[PDB]
């Protein structure tokens, strides 16, 4: 019974694409079974359609609370026999409704070497701090924000004088390599 993965994403969907591409070339022993997107119009939705990956798209504005929409997401996840959840560019926190149902089965990729620079815009945080290096971390999601146990990490140097664009491209390249590799081992 191959594990079924749901990918949560809110934007361009480049990490989603990397995961789909890995599965397509036979390097991911899991089924990319669902895309959950909280931002209608996001490019990642078009990617799912092109890749024949089912998608559950919703707007938080149509619900009175996070619990309200996560309750529907949970029903959808269970009905589609989803085993694991991978956050890949999902721009909001996972609430107790999902954390409880998928405890220990939710992972996320974060653009810093956790516990360093947790939170939003971690690429910008490291750049603004002036540190000489940062990295990419895949970790388990728990009650805290970017605080669950580290699963894997890759160090990324920050070159003196280079624009932030240089660091971002480098970090994204690493994310596209690291996430599929980590998921392969986690779900294999």
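Positions refer to the first chain, counted from 1.
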Of 53-61 and 140-148, the one with larger mean CA B-factor:
140-148
Mean Cα B-factor comparison, 173-181 or 18-26, giving the higher one as deposited:
18-26
Selection from 159, 37, 131, 34 [criterion: highest C-alpha temperature factor in the record]
159
Highest CA B factor of 74, 91, 85, 114, as deposited, is found at 91
Relative to the other modelled residues of the same chain, rank the CA B-factor of residue 135 and answer lowest, middle or highest third.
middle
Sorting the chain's modelled residues by C-alpha B-factor, tell me whether residue 98 ends up in the lowest, middle or highest third.
middle
Residue 68 - Cα temperature factor, lowest/middle/highest third of chain
middle
Going by the entry, which third of its chain does the Cα temperature factor of residue 155 land in?
highest
